[PDB]
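Undergrad: This structure is in structure tokens; I'll ask about it shortly.
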Amino acid sequence: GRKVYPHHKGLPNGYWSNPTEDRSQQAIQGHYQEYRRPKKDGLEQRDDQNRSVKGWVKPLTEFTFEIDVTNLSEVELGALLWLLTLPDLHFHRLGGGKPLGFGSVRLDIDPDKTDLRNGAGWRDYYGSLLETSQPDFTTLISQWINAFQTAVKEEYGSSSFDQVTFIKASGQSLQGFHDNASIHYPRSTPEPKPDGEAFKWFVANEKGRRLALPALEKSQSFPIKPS
Amino acid sequence: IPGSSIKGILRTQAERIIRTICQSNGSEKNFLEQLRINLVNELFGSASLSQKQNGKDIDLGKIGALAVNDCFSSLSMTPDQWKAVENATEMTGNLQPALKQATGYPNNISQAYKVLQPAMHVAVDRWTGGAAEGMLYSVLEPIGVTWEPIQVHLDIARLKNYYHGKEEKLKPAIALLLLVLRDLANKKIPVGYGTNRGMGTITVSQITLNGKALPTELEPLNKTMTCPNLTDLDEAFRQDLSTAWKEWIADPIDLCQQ
RNA sequence: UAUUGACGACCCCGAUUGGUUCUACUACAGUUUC
Ligand SMILES: [Mg+2]
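Protein chains in written order, with full-length UniProt numbering: chain Z, 569 to 795; chain E, 262 to 519.
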């Protein structure tokens, strides 16, 4: 199905700080600086297999944007507003470097700048050149989300919305994993050693216990020794 | 930006307003029938089409009373300076000199790319991630080109001839036009390429209305407006237009039908 | 019976609409000579 990069929950304080330091060989609070290419022999591995970035948008910076929508039914609109009003600690993943932990973003609505009306409301608005009041859509917002949630429950027949498999799976993507295991590419060594021999986890897996990638909703971590 | 493009976005919003009010669907009609709706047939005009409508033979065609000019950038380049941009071949190579030339910052690319900025895009395959094979493309985005004010010319004489002189009948057409301009100023009418794909949204700073020889009941139009919601037009005038407009909404006849 | 041993980048635009509809000749002067 659809590939997703789970949020890197629980990265420690200062993990993104001082990023030129080659902390990758040390487990600060149990996390290696997994986004940095290790130095080899004390010099930077600017090999032609990777890129380097001169800077990045700091965490906690903030953007505003607007979405302009046309003729969305309550189900199609309900789905959208659910994504924009996910509960706390759900994060979307944006831009590049997502496997390395970059680009997690929190989305929420500014209701004081939103103005949604059905076509019968626009017949009123276009009815007059004087100002005419908008509906307070915030009374309806909960109604729309439930139209979505009940349609998903109904069609993908389930006793709960959150038990629908793509819903349960999508939740764990947005929320990240809770078992406090690190997220990194499969490797046969806890440290990211500078030579990067990730393939030999797969050969150890292949001769050994031959694990498949766990189900996203199961939050099952791989063993570092798949044998 | 050709006047064809600015006319076409304005016409589209004008029709959507009219069809919305009437709840008249557009989906079953072919494109030449989709275009043909009330008031816009007079403002934006209609194709010539002879019809034996009543044993009498009549032409449905009339020219647009509303005309629009091409809008050019304030920035300009010598013809060869742009031919250097059209014929660059390396986005990080010989393109960089060409854009530094044309943007007027021949020694300062970080200012050059505040005027014309190359963007890269990928389609990302939904099972694998990465990028879909072949789906890499780039855009020269005129992020910072400044544009001159758009000129729309409304021929009040041509409408008044369509309505056989009756200046009462202008108010629904004038009312429609002001509603179209209200949306333009509220970012409801994006312009050009890629409107759904990161382009095309305009800020309107000022609409200046400057009519000549307008009939006395339309004389309040001569105004410079800066509120998007037309609140710079006299409330008595906006309320008059609203009345004639609402009276047409209550019976949306072919207003040029004598 | 299961060993051998570490390297490496890729995509570079893809699909589509390419003209559609109306007007196709209309009035005449057809012999002139105070
Ligand atoms: Mg390309």
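Ideal Cβ positions, reconstructed from N, Cα and C, are used throughout, including at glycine.
1) Identify every residue that forms a DSSP beta bridge with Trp624(Z).
2) In this structure, does DSSP put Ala715(Z) in helix, strand or coil?
3) Quick one: residues with CB closer than 7 Å to any heavy atom of ligand 1, in chain order, please.
4) Would you say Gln362(E) and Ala345(E) are within 8 Å of each other, going by their C-beta atoms?
5) Within a Cβ cutoff of 7 Å, which residues of the same chain sit near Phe705(Z), ignoring the five residues on either side of it in sequence?
6) With 8 Å set as the bound, which would you pick, yes or no: does the beta-carbon of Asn299(E) sit closer than that to a beta-carbon of chain Z?
7) Between which two residues does the beta strand (DSSP E) carrying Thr485(E) extend?
8) Would you kindly report the start and end of the unbroken beta strand (DSSP E) that includes residue 525(E)?
9) Mind listing which residues of the region 301-330 of chain E have their C-beta closer than 9 Å to chain Z's C-betas, in chain order?
10) Where does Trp690(Z) sit, in a helix, a strand or coil, going by DSSP?
11) Secondary structure at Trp584(Z), three-state DSSP: helix, strand or coil?
12) Can you tell me which of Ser795(Z), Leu662(Z), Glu589(Z) and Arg605(Z) puts its alpha carbon nearest to the alpha carbon of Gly764(Z)?
13) Hey, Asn299(E) and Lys323(E): beta-carbon distance below 8 Å or not?
14) On the premise that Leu502(E) lies in contact with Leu579(Z), defined as a C-beta separation below 8 Å, what is that separation, rounded to the nearest angstrom?
15) Can you have a look at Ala688(Z) and say buried or exposed, based on whether 16 or more other CB atoms are within 10 angstroms of its CB?
16) Residues of chain Z with CB under 7 Å from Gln378(E), in chain order?
17) For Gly646(Z), count neighbouring Cβ atoms within 10 angstroms of its own Cβ and tell me buried if that reaches 16, exposed if not.
18) Which residues in chain Z sit within 9 Å of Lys507(E), going by Cβ to Cβ distance?
19) Please list the segments of the beta strand (DSSP E) lying wholly inside the region 413-484 of chain E, counting only runs of 3 or more residues, in order along the chain.
20) Any C-beta of chain E within less than 7 Å: which residues of the region 693-722 of chain Z qualify?
21) What's the call for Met352(E), buried or exposed, on a 16-neighbour Cβ count within 10 Å?
22) Give a yes or no on whether 8 Å exceeds the smallest Cβ distance from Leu420(E) to chain Z.
23) Within the 8 Å Cβ cut-off, does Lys571(Z) reach chain E?
24) Thinking C-alpha only, which one of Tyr366(E), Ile282(E) and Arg387(E) is nearest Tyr573(Z)?
25) Is the separation between the beta-carbon of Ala326(E) and that of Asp444(E) shorter than 8 Å?
26) Show which residues of chain Z have a CB atom less than 7 Å away from the CB atom of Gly390(E).
27) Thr281(E) versus chain Z: which residues are under 7 Å apart at the beta carbon?
28) At a Cβ cut of 7 Å, what residues of the region 431-448 of chain E count as close to chain Z, listed as they run along the chain?
29) Could you tell me which chain Z residues have their CB closer than 8 Å to the CB of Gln500(E), listed as they occur along the chain?
30) Taking its Cβ as the centre, do 16 or more other Cβ atoms sit within 10 Å of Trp506(E), making it buried, or is it exposed?
31) Strictly below 8 Å CB to CB, what residues from chain Z border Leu491(E)?
32) Whose C-beta lies closer than 7 Å to the C-beta of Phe716(Z) among residues of the same chain, with five residues either side of it excluded?
33) Quick check: the region 395-402 of chain E against the region 365-373 of chain E, are there 3 or more CB pairs under 8 Å?
34) Pull up the distance between the alpha-carbon of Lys793(Z) and that of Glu785(Z), whole angstroms please.
35) Using only the alpha-carbon positions, how far apart do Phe745(Z) and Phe790(Z) sit?
TA: To lay it out plainly:
1) Looking at the DSSP assignment, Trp624(Z) forms no beta bridge with any residue, so it has no partner.
2) helix
3) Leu397(E), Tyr398(E) and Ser399(E)
4) yes
5) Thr682 and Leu684
6) no
7) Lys484 to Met486
8) Examination of residue 525(E) is not possible in this model, given that chain E is present from 262 through 519 alone.
9) none
10) helix
11) coil
12) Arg605(Z)
13) no
14) 60 Å between Cβ atoms; not a contact.
15) exposed
16) Neighbours of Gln378(E) on chain Z: none; closest Cβ ~17 Å, over 7 Å.
17) buried
18) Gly695 and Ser696
19) 413-415 and 468-470
20) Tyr694, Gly695, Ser696, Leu697, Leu698 and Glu699
21) exposed
22) no
23) yes
24) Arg387(E)
25) no
26) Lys571
27) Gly687, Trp690, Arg691 and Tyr694
28) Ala436, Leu439 and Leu440
29) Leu697 and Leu698
30) buried
31) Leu697
32) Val643, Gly646, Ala647 and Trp650
33) no
34) 22 Å
35) 13 Å
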